[PDB]
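> I am attaching a structure below and will ask some questions about it afterwards.
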Amino acid sequence: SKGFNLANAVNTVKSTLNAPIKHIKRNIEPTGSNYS
Amino acid sequence: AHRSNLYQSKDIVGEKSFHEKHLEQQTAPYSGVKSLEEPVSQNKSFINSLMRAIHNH
Amino acid sequence: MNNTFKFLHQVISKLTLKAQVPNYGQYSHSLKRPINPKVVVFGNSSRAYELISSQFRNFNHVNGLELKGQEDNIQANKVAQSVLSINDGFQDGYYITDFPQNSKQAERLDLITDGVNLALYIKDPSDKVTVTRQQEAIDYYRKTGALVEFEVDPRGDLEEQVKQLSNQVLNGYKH
Amino acid sequence: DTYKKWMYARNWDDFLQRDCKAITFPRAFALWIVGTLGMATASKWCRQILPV
Amino acid sequence: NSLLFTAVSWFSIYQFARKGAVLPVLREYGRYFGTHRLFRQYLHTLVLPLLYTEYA
Amino acid sequence: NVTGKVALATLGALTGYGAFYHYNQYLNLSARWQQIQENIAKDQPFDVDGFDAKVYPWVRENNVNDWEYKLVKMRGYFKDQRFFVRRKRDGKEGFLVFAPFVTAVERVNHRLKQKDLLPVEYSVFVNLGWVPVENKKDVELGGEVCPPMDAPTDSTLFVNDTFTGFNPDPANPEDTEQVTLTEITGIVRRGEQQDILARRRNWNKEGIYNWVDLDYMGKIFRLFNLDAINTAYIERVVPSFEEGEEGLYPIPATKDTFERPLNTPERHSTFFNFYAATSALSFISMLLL
Amino acid sequence: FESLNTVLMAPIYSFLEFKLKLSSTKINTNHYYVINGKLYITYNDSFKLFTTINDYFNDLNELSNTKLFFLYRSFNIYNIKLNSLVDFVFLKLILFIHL
Amino acid sequence: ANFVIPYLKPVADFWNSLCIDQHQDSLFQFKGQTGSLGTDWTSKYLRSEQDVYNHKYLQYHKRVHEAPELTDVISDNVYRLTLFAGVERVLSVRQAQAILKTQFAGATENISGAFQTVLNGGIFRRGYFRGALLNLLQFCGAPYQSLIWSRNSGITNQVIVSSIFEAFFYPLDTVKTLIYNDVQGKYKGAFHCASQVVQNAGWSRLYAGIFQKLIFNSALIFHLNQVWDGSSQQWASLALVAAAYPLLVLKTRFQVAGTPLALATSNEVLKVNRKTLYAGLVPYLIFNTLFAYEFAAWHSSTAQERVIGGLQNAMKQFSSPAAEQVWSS
Amino acid sequence: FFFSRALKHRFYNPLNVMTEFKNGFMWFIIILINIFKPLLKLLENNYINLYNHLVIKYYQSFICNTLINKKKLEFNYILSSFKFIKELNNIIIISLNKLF
Amino acid sequence: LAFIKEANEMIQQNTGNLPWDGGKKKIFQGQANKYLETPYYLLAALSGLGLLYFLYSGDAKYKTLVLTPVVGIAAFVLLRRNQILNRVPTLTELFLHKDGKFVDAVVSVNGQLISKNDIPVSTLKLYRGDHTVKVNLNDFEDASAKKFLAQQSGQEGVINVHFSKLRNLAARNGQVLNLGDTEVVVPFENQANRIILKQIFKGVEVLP
């Protein structure tokens, strides 16, 4: 079989840099609370 | 029953583990440069034949 | 099991399950599929056939309709021999149509093949023959728990139905 | 010094003799009364917490 | 630096062309000899960094 | 059954190889020992004076293998401190006694009147001998190993030697350079190594020593030429009749009484006999099964 | 002797394979058969239904997954000695508590 | 200081010994004098910094000019046997991967697949370190015994002695290879595996690829000698080893053949695709280039001179750069 | 540090102090008796387990002698330290009963 | 292709389509369980020797003199339990004749594969429930053993012990099957032809 591939490596790097986006967005999310 | 389900919910697909994802990525065939295999006469050159041999296997 | 030993029990059981299925946590999804998927399909309609073709494109078809009128044990043995082998192309999955139509035949087939990995009833109102011929087999598989009922609207999104059927078949497989 | 002892009392008696400075009999008897009260309180606590 | 850039460029070009992806910088088939875009890209990535090194 | 046969075959093969290796080592060590005895019986000692007394030939050439068990007659003076190593000689419990032997001195102080510096002393460890356990207290601190050398007849020799820096003048006008030189003849012995299975293991903190650790000896005695000391030591040899009967300790060594090495032909013969017997028994048992 | 022959000829075999790939093109057009009214592609000793390139790639991926996890999916079902021991110990403790 | 320090101080002392120059510290443990100059802290430090290279030279001289000591040899190749001992199993699995049923157990047909095959069993007795003790025993076998009976010999005598001792100790290598390549835990130890092989295949089965191993070992010895010499033809020797590498792969495949581990019989070992004859070429070359065998006894005069010259330059370090060239000195 | 708590239970009264000492000693003794009493039941269970082992060994020996056509029970295996275990348990229980 | 053949054979064996060789069809395949004996025996001996040495030379801690007998007794108990478990007669293979009225059995008795030939099917019976073991105390020639067995059991001569009391060790991984004269343990982790096995276990001869 074939081993290392730079296109697959770049895809994995993009997935790694994209995974924590949802949690950061959730942290910066405004909730339904209005602390007047 | 839980051990048969491997302590995960039946009727839930779940996310593939890294290994599985890796095995979903490494086992896919490599699509070489398609244009090198075309019947164009320009692909009959020695240089183009070498490129096809090394990039398409 | 009392409510206080449950945590320790589940932790130790998760640890000890790796002695039977090593790294089961990393292959839980793949292990949803058995080694030799034997599926018995109920349903005779255009949408049912389209869904069978889409889902079982890599599977091999067994035509139980060819074995009609013969002895129940003989038919079950022939179907079992048909569904207990692997082709030279590494194709191990079989789906059986127009079989078994009888609870006795279904039980014999399950005994010979150590059970069918899945029974799939595609309930389509445009289909009328199945309930008049395979009702006993459908009831037997419902009793045994190997039956998965997919209710198909005779009209609708073929891609959506294909995705839903794929998920249900993957979840409904039996080792 | 190698931090093998902190109070330098070889035994409880030494404690009562030196750290508590119960040199005389009135002092020893007063400390014995304190110990009696403490033992009674501890037994009462053990009976309350584990009423067997 | 030039040799590392050439090695990185060759490795990237080979690994992406193994999966079809070819960067369309030059013409697909050159004039005259009709060499392929991949070969001319390899040649350029081998030669031009050396020329820039010499220039600086 | 088959597992037992495989285990017996493996044990027999390993023990047979061990027996062969120990037999070859026994032959080589017997030849080496007879050569050593023949060389010692000649009794032609290489003189250690001059530049060779400052940096030793075996130290300089790093060829102690070519210098081991070779008689050298060195000149120099001993130090007060004594070192004891647990050892048995002729089956009697005892201690090998070593002492630093200053073979050369160097005076690097040019401010002679203002400062009285300590001379840099080049020394080697001399195995003074062997004393039984009951008489370890009989070994004296600073005691004379042997009578000092006679005063040289030549009047030009009553100066500091160019290399060793020694002046054999009984009444030196400089009272800070008076030295009582002594001549000792002995064989050159390489330092020992730790081997627990041979029961030569030393607890330096607790003061129990079973093997000659020249590095530790030099460090503890605060000697200067540490590497040269680690190279080898000299086992003093006397011309027979070391001490037949007297209160003289440590007892010196002779050509027939010096300390034997750990790797002896008798030890290798015992190992060979044990391994050969084990291999033969294993093969016989495998045949029986 | 045969192993020495194979080792000596090993680099030559690789070079000859490379030369064959250089001199040959990966287009034979002997694979696509139209049986009745559906496409078919050569697949081992038999045919495989062909309608779409993406479907063919999905079929290849499914076959690879099957042949890659076949041994994992055949685990010993009755290898439950450790789980049985754990359940027995916990139920023994619960039985002691009940008593 | 009574319950925790007695069991914690040894660990800290071991850490300090691994992290501090013990010999130098020993020099500082004896403060004072006994009548000789040069035993103060300054002089002891000044000799201590040169003592590092002096002790390296002395260890090399002992390894070359004296009978080898097993521990010393183990200290020369500590990472091959302790930290990276499982890489041996990874390479063995990769070499035998063409006939093993590892591609059906979630492992690809490459070095990553071999690593996953080794690492799926854990990091211990049934995983990464499976057969590490066997590898250590083997190293204390054929290589160490070859270093004794041919200490300062040439390449030819080294090859002869090593071939003799590898033929003598080959069954251990076969058992180790079988322990490396079983992933179901079918062999419960070296003795169990050897017993099964003997009872079901015979004593002759333990010598499957002995001649291939001998020839590849001769090539490896030549390459190691060239690398030790540093003659710049070590790359030619590396090319020679790579050309002779399929002998090692054939040996590994013959060792695991006609067994439940493999899918092919002995004859079918020679019918495998030729493209698989270099299964672990690059990983094996990288591992044996970085973690090469260090047999200081087998060093030639060129290698000894090179090492001593490096140490002599290291000694040349110790000088004052601005030392004045003076007329009288 | 001891006056207030002892004041809660009226431990300034010597009669209360003596009664509390007696009650605490009885509590400690009964706790120890409860802890160390199941030893007799453990010894009885050891006797029962020895009986079960003897029966199982007899059964296995009988089956083995039924397999190969011989009739000689391996009483060496059937007993297998039965005398030693029985004597040890008997002396233990006799000593414990003699003590109390 | 080699793995495809191997997988086909594995599937057939799991489903019970075992080879048919000249009127002897393999209709049962079972695996016996092996338990460690030598390490437990060595641990018990080592603990006993340690206790003896510590008694001879009083230089052992209280915690050591407490732990050593505990470890020794635990090792001895495990050794006895494994010795009983290993020597359990476990059926491993059963071959049905072409006639269908007789079977041939292979029984594991802790390593000695014993063969029983021409066992009538009518003499076979699988014990779904626990049976009663009949122990003849008159077989024992030891008076102490006789007294112990007559005290622990209310019977006097041929005592009857219900197999529920002995199932923890005698048969914990299988069902008790009578082979006419023997009573072997058919393992739960067994590969067999299910229809034929069910027919014969009820004492019904399978037609040729």
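Residue numbering restarts at 1 for every chain of the structure tokens, chains are lettered A, B, ... in their displayed order, and ligands are numbered from 1 as they appear.
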Contacts of region 33-40 of chain I at 10 Å or less, counting only C-alpha atoms, minus same-chain residues fewer than 3 places along, as JSON, numbers by chain?

{"I": [27, 28, 29, 30, 43, 44, 45, 46, 92, 93, 96, 97]}

> Compile the contact shell of residue 24 (chain G) as a PDB file with N, CA and C atoms, in the first residue's frame: residues with an atom at most 9 Å away, counting only C-alpha atoms, same-chain residues fewer than 5 positions apart removed.


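result_16.pdb, written as the output of this step:
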```pdb
ATOM      1  N   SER B  49       5.925  10.248 -20.740  1.00  0.00           N
ATOM      2  CA  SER B  49       5.851   8.861 -20.292  1.00  0.00           C
ATOM      3  C   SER B  49       6.474   8.694 -18.913  1.00  0.00           C
ATOM      4  N   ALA B  53       4.596   7.517 -15.572  1.00  0.00           N
ATOM      5  CA  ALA B  53       5.088   6.362 -14.833  1.00  0.00           C
ATOM      6  C   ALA B  53       5.302   6.691 -13.362  1.00  0.00           C
TER       7      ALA B  53
ATOM      8  N   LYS G  19       9.902   0.273 -16.246  1.00  0.00           N
ATOM      9  CA  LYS G  19       9.979   0.416 -17.697  1.00  0.00           C
ATOM     10  C   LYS G  19       8.664   0.031 -18.362  1.00  0.00           C
TER      11      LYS G  19
END
```

> Identify, with DSSP run on backbone atoms, the residues in chain I assigned to helix (DSSP H, G or I), and express the list as a PyMOL selection string.

chain I and resi 3-8+14-36+38-67+75-79+82-99

> Quick one, how far is CA of residue 17 (chain G) from CA of residue 4 (chain A)?

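Pair CA of residue 17 (chain G) / CA of residue 4 (chain A) returns 22.1 Å.
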
> Can you check which parts of chain A lie within 12 Å of chain H? Per residue, the shortest pair of atoms and distance in Å to one decimal, counting only C-alpha atoms, sorted by chain and number, as CSV.


```
residue,atom,partner,partner_atom,distance
A:1,CA,H:109,CA,5.1
A:2,CA,H:110,CA,7.0
A:3,CA,H:110,CA,6.4
A:4,CA,H:112,CA,9.1
```

> Counting only C-alpha atoms, collect the residues of chain H whose closest atom lies at most 9 Å from chain J, and write them out as an MDAnalysis selection string.

chainID H and resid 101 104 263:264

> Near residue 189 (chain J), within 10 Å and counting only C-alpha atoms, which residues show up once chain neighbours fewer than 2 positions away are dropped, as a PyMOL selection string?

(chain G and resi 76-79) or (chain J and resi 29-32+173-174+186-187+191-192)

> Keeping only C-alpha atoms, write the selected residues to a file as a PDB file, in the first residue's frame.


```pdb
ATOM      1  CA  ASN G  76     -14.671 -14.685  20.065  1.00  0.00           C
ATOM      2  CA  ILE G  77     -18.183 -14.030  21.374  1.00  0.00           C
ATOM      3  CA  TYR G  78     -17.844 -16.526  24.238  1.00  0.00           C
ATOM      4  CA  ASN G  79     -14.586 -14.970  25.508  1.00  0.00           C
TER       5      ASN G  79
ATOM      6  CA  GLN J  29     -16.146 -29.418  18.738  1.00  0.00           C
ATOM      7  CA  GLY J  30     -15.432 -28.087  22.214  1.00  0.00           C
ATOM      8  CA  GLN J  31     -12.592 -26.330  24.002  1.00  0.00           C
ATOM      9  CA  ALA J  32     -11.500 -27.059  27.564  1.00  0.00           C
ATOM     10  CA  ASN J 173     -18.629 -23.660  31.869  1.00  0.00           C
ATOM     11  CA  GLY J 174     -20.895 -26.310  30.366  1.00  0.00           C
ATOM     12  CA  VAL J 186     -20.134 -30.243  27.159  1.00  0.00           C
ATOM     13  CA  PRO J 187     -18.671 -26.714  27.001  1.00  0.00           C
ATOM     14  CA  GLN J 191     -18.930 -25.459  17.673  1.00  0.00           C
ATOM     15  CA  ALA J 192     -21.309 -28.160  16.489  1.00  0.00           C
TER      16      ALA J 192
END
```

> Please identify every residue of chain E that has at least one atom no more than 10 Å from any atom of chain A, counting only C-alpha atoms, and report them as a count of residues only.

10

> When you get a sec, could you note down which chain D residues fall within 8 Å of chain H, using only C-alpha atoms, as a PyMOL selection string?

chain D and resi 2-4

> Select residues of chain C: the criterion is any atom within 9 Å of an atom of chain J, counting only C-alpha atoms; output as an MDAnalysis selection string.

chainID C and resid 36 84:90 108 111:114

> Under the rule of at most 12 Å, produce a per-residue listing of chain C near chain H: chain, number, name, the closest pair of atoms, and the distance in Å, as a Markdown table, using only C-alpha atoms.


```
| residue | atom | partner | partner_atom | distance |
| --- | --- | --- | --- | --- |
| C:18 | CA | H:121 | CA | 10.4 |
| C:19 | CA | H:121 | CA | 10.4 |
| C:20 | CA | H:184 | CA | 11.0 |
| C:21 | CA | H:184 | CA | 11.2 |
| C:22 | CA | H:120 | CA | 7.7 |
| C:23 | CA | H:120 | CA | 7.3 |
| C:24 | CA | H:120 | CA | 10.8 |
| C:26 | CA | H:120 | CA | 10.4 |
| C:27 | CA | H:106 | CA | 9.1 |
| C:30 | CA | H:106 | CA | 10.0 |
| C:31 | CA | H:106 | CA | 11.3 |
| C:35 | CA | H:104 | CA | 11.4 |
| C:90 | CA | H:104 | CA | 11.4 |
```

> Show me, as a PyMOL selection string, the residues that have an atom within 10 Å of residue 41 (chain D) when counting only C-alpha atoms, minus same-chain residues fewer than 4 positions from it.

(chain D and resi 35-37+45-47) or (chain I and resi 2-11+17+20-21+24)

> Counting only C-alpha atoms, what is within 9 Å of residue 36 (chain B), bar same-chain residues fewer than 2 positions away, as a compact mmCIF listing (two decimals) with N, CA and C atoms, in the first residue's frame?


```txt
# COMPACT_ATOMS: atom_id res chain seq x y z
N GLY B 32 -4.24 9.43 -10.12
CA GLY B 32 -3.12 10.09 -10.75
C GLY B 32 -3.58 11.16 -11.72
N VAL B 33 -2.60 11.77 -12.38
CA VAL B 33 -2.87 12.83 -13.35
C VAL B 33 -3.59 12.19 -14.54
N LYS B 34 -4.88 12.49 -14.69
CA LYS B 34 -5.68 11.85 -15.73
C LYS B 34 -5.21 12.24 -17.12
N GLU B 38 -4.44 10.34 -21.46
CA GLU B 38 -5.26 10.61 -22.63
C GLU B 38 -4.54 10.16 -23.90
N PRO B 39 -5.29 9.83 -24.96
CA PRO B 39 -4.66 9.35 -26.20
C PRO B 39 -4.00 10.46 -27.00
N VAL B 40 -3.85 11.64 -26.40
CA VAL B 40 -3.17 12.74 -27.08
C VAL B 40 -1.75 12.33 -27.43
N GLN B 42 0.81 14.06 -27.62
CA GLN B 42 1.82 14.72 -26.81
C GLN B 42 2.21 13.91 -25.59
N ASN B 43 1.41 12.91 -25.21
CA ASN B 43 1.73 12.04 -24.10
C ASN B 43 2.63 10.88 -24.49
N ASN B 48 6.86 12.86 -20.99
CA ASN B 48 5.48 12.64 -20.54
C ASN B 48 5.28 11.21 -20.08
N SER B 49 5.92 10.25 -20.74
CA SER B 49 5.85 8.86 -20.29
C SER B 49 6.47 8.69 -18.91
N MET B 51 6.71 11.07 -16.62
CA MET B 51 5.79 11.72 -15.69
C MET B 51 4.61 10.81 -15.36
N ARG B 52 4.05 10.16 -16.38
CA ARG B 52 2.95 9.23 -16.14
C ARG B 52 3.40 8.04 -15.30
N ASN B 56 1.52 8.12 -11.78
CA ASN B 56 0.35 7.25 -11.83
C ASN B 56 0.64 5.81 -11.44
N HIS E 36 5.39 18.31 -20.38
CA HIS E 36 4.19 18.44 -19.57
C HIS E 36 4.36 19.52 -18.50
N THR G 25 0.28 2.48 -21.23
CA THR G 25 -0.71 3.46 -20.80
C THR G 25 -1.86 2.74 -20.12
```

> Env of region 83-94 of chain F: 6 Å cut, atoms = only C-alpha atoms, seq-sep filter 2 positions within chain, self excluded. Answer as a ChimeraX atom specification.

/F:96-98,131-133,209-210

> For the selection just defined, write its residues with N, CA and C atoms to a file, as a PDB file, in the first residue's frame.


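out_30.pdb was written with the following content:
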```
ATOM      1  N   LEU F  96      44.586  -7.593  52.491  1.00  0.00           N
ATOM      2  CA  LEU F  96      45.658  -7.015  51.699  1.00  0.00           C
ATOM      3  C   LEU F  96      45.872  -5.574  52.134  1.00  0.00           C
ATOM      4  N   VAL F  97      47.125  -5.222  52.394  1.00  0.00           N
ATOM      5  CA  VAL F  97      47.500  -3.897  52.864  1.00  0.00           C
ATOM      6  C   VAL F  97      48.214  -3.183  51.730  1.00  0.00           C
ATOM      7  N   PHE F  98      47.673  -2.028  51.351  1.00  0.00           N
ATOM      8  CA  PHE F  98      48.210  -1.122  50.349  1.00  0.00           C
ATOM      9  C   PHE F  98      48.642   0.176  51.018  1.00  0.00           C
ATOM     10  N   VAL F 131      47.895  -9.318  55.872  1.00  0.00           N
ATOM     11  CA  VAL F 131      47.924  -9.512  57.320  1.00  0.00           C
ATOM     12  C   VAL F 131      46.659 -10.249  57.747  1.00  0.00           C
ATOM     13  N   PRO F 132      46.751 -11.253  58.618  1.00  0.00           N
ATOM     14  CA  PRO F 132      45.540 -11.952  59.063  1.00  0.00           C
ATOM     15  C   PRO F 132      44.602 -11.025  59.823  1.00  0.00           C
ATOM     16  N   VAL F 133      43.336 -11.443  59.897  1.00  0.00           N
ATOM     17  CA  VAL F 133      42.291 -10.587  60.458  1.00  0.00           C
ATOM     18  C   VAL F 133      42.587 -10.252  61.915  1.00  0.00           C
ATOM     19  N   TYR F 209      35.649  -3.224  52.217  1.00  0.00           N
ATOM     20  CA  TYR F 209      36.219  -3.297  50.879  1.00  0.00           C
ATOM     21  C   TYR F 209      36.622  -4.731  50.581  1.00  0.00           C
ATOM     22  N   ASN F 210      36.193  -5.238  49.424  1.00  0.00           N
ATOM     23  CA  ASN F 210      36.542  -6.583  48.995  1.00  0.00           C
ATOM     24  C   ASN F 210      37.323  -6.634  47.693  1.00  0.00           C
TER      25      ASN F 210
END
```

> Do you have the CA of residue 128 (chain F)-CA of residue 235 (chain F) distance handy?

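Computing it gives 6.9 Å between the two atoms.
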
> Could you pull out the strand (DSSP E) residues of region 100-132 of chain F, going by DSSP on the backbone, and write them as JSON, numbers by chain?

{"F": [100, 101, 102, 103, 104, 105, 106, 120, 121, 122, 123, 124, 125, 126, 127, 128, 129, 130, 131, 132]}

> Can I get the selected residues back with C-alpha atoms, as a tab-separated table (two decimals), in the first residue's frame?


```
chain	number	residue	atom	x	y	z
F	100	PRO	CA	50.70	5.16	48.62
F	101	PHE	CA	54.27	5.18	47.33
F	102	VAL	CA	55.50	8.63	46.30
F	103	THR	CA	57.78	7.90	43.35
F	104	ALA	CA	58.33	11.54	42.38
F	105	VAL	CA	57.90	15.11	43.61
F	106	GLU	CA	57.64	18.42	41.78
F	120	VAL	CA	53.08	17.90	43.85
F	121	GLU	CA	53.52	14.21	44.67
F	122	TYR	CA	53.42	11.54	41.95
F	123	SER	CA	52.58	8.28	43.71
F	124	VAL	CA	51.52	4.73	42.93
F	125	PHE	CA	49.74	2.26	45.18
F	126	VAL	CA	52.04	-0.46	46.51
F	127	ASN	CA	50.50	-3.62	47.92
F	128	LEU	CA	52.52	-3.75	51.14
F	129	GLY	CA	51.26	-7.27	51.71
F	130	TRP	CA	48.77	-9.42	53.61
F	131	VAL	CA	47.92	-9.51	57.32
F	132	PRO	CA	45.54	-11.95	59.06
```

> Write out as a ChimeraX atom specification every residue belonging to chain G that has an atom at most 9 Å from any atom of chain H, counting only C-alpha atoms.

/G:2-4,6-8,10-11,13-14,65-73

> Which of these, G:36, G:44, G:52, G:83, has the shortest distance to chain B once you count only C-alpha atoms?

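The closest residue to chain B is G:83.
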
> Should the cut-off be 10 Å, what would the residue list for chain H against chain F look like, counting only C-alpha atoms, as a PyMOL selection string?

chain H and resi 23+26-40+43-44+47+51+54-55+58+61+65-66+141+145+148-149+168-169+171-172+191-200+203

> Take the selection from the previous step and output its residues with N, CA and C atoms, as a short mmCIF file (atom, residue, chain, number, x, y, z; two decimals), in the first residue's frame.


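The new file out08.cif reads:
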```cif
data_model
loop_
_atom_site.label_atom_id
_atom_site.label_comp_id
_atom_site.auth_asym_id
_atom_site.auth_seq_id
_atom_site.Cartn_x
_atom_site.Cartn_y
_atom_site.Cartn_z
N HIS H 23 31.33 11.18 38.67
CA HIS H 23 32.77 11.23 38.91
C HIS H 23 33.19 12.60 39.44
N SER H 26 32.12 12.99 42.84
CA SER H 26 32.99 12.21 43.71
C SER H 26 34.24 12.99 44.06
N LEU H 27 34.82 13.69 43.08
CA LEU H 27 36.00 14.51 43.36
C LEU H 27 35.69 15.57 44.40
N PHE H 28 34.47 16.10 44.39
CA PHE H 28 34.09 17.11 45.37
C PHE H 28 33.68 16.52 46.71
N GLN H 29 33.52 15.19 46.80
CA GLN H 29 33.16 14.57 48.06
C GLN H 29 34.35 14.42 49.00
N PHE H 30 35.57 14.57 48.50
CA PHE H 30 36.78 14.43 49.30
C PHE H 30 37.49 15.78 49.31
N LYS H 31 37.28 16.55 50.38
CA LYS H 31 37.83 17.89 50.51
C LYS H 31 38.97 17.87 51.52
N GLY H 32 40.11 18.46 51.13
CA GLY H 32 41.27 18.53 51.99
C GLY H 32 42.51 18.09 51.25
N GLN H 33 43.51 17.66 52.02
CA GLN H 33 44.78 17.24 51.45
C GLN H 33 45.43 16.23 52.38
N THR H 34 46.38 15.48 51.83
CA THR H 34 47.18 14.55 52.62
C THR H 34 48.67 14.78 52.41
N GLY H 35 49.07 16.00 52.04
CA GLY H 35 50.46 16.33 51.83
C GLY H 35 50.84 16.60 50.39
N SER H 36 49.89 16.58 49.46
CA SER H 36 50.16 16.81 48.05
C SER H 36 49.32 17.97 47.53
N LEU H 37 49.94 18.81 46.72
CA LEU H 37 49.23 19.91 46.08
C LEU H 37 48.36 19.38 44.94
N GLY H 38 47.33 20.16 44.60
CA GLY H 38 46.46 19.81 43.50
C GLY H 38 45.22 19.04 43.87
N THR H 39 44.86 18.99 45.16
CA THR H 39 43.67 18.29 45.62
C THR H 39 42.61 19.25 46.15
N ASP H 40 42.70 20.53 45.78
CA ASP H 40 41.69 21.50 46.17
C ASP H 40 40.57 21.52 45.14
N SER H 43 41.59 22.70 41.45
CA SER H 43 42.34 21.69 40.70
C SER H 43 41.48 20.49 40.37
N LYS H 44 40.62 20.07 41.30
CA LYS H 44 39.75 18.93 41.04
C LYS H 44 38.75 19.23 39.93
N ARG H 47 40.75 19.23 36.55
CA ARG H 47 40.99 17.88 36.04
C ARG H 47 39.68 17.19 35.67
N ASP H 51 38.50 15.05 32.48
CA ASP H 51 38.24 13.67 32.83
C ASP H 51 37.07 13.08 32.06
N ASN H 54 38.77 11.93 29.02
CA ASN H 54 39.70 10.89 29.46
C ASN H 54 38.96 9.58 29.73
N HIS H 55 37.81 9.64 30.40
CA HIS H 55 37.06 8.44 30.71
C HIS H 55 36.40 7.85 29.47
N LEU H 58 39.21 6.00 27.97
CA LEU H 58 39.52 4.80 28.75
C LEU H 58 38.49 3.70 28.52
N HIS H 61 39.24 2.26 25.13
CA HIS H 61 40.43 1.43 25.20
C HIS H 61 40.14 0.09 25.87
N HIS H 65 40.94 -3.16 23.84
CA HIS H 65 42.14 -3.90 24.24
C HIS H 65 41.89 -4.93 25.34
N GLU H 66 40.66 -5.10 25.81
CA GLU H 66 40.37 -6.04 26.88
C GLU H 66 39.19 -6.92 26.48
N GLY H 141 23.37 -13.19 22.99
CA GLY H 141 23.74 -14.46 22.41
C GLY H 141 24.72 -14.31 21.26
N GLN H 145 28.60 -13.09 21.88
CA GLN H 145 29.55 -14.20 21.80
C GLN H 145 30.47 -14.06 20.60
N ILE H 148 33.42 -11.89 21.46
CA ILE H 148 34.41 -12.46 22.37
C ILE H 148 35.45 -13.28 21.62
N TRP H 149 35.01 -14.21 20.78
CA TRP H 149 35.92 -15.12 20.09
C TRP H 149 36.64 -14.48 18.91
N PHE H 168 24.42 -21.27 15.46
CA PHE H 168 24.24 -21.94 16.75
C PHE H 168 23.01 -21.42 17.49
N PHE H 169 22.75 -20.12 17.41
CA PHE H 169 21.66 -19.48 18.15
C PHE H 169 20.45 -19.17 17.29
N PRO H 171 17.69 -20.92 16.43
CA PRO H 171 16.35 -21.22 16.96
C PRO H 171 15.79 -20.13 17.85
N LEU H 172 16.64 -19.46 18.63
CA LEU H 172 16.17 -18.32 19.42
C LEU H 172 15.64 -17.22 18.51
N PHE H 191 8.96 -20.46 25.20
CA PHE H 191 8.98 -21.91 25.34
C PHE H 191 7.72 -22.55 24.76
N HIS H 192 6.56 -21.93 24.98
CA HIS H 192 5.33 -22.46 24.42
C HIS H 192 5.37 -22.45 22.89
N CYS H 193 5.83 -21.35 22.31
CA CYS H 193 5.92 -21.26 20.85
C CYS H 193 6.89 -22.29 20.29
N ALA H 194 8.06 -22.42 20.92
CA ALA H 194 9.04 -23.39 20.46
C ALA H 194 8.50 -24.81 20.58
N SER H 195 7.80 -25.11 21.67
CA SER H 195 7.23 -26.44 21.85
C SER H 195 6.19 -26.74 20.79
N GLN H 196 5.31 -25.77 20.50
CA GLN H 196 4.30 -25.98 19.47
C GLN H 196 4.95 -26.21 18.11
N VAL H 197 5.96 -25.40 17.78
CA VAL H 197 6.63 -25.53 16.48
C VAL H 197 7.31 -26.89 16.37
N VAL H 198 7.99 -27.32 17.43
CA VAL H 198 8.70 -28.60 17.39
C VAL H 198 7.71 -29.76 17.29
N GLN H 199 6.63 -29.71 18.06
CA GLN H 199 5.71 -30.85 18.09
C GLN H 199 4.86 -30.93 16.83
N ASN H 200 4.62 -29.80 16.17
CA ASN H 200 3.76 -29.79 14.99
C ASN H 200 4.51 -29.65 13.68
N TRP H 203 12.01 -30.37 14.66
CA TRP H 203 13.16 -29.57 15.06
C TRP H 203 13.76 -28.80 13.89
#
```
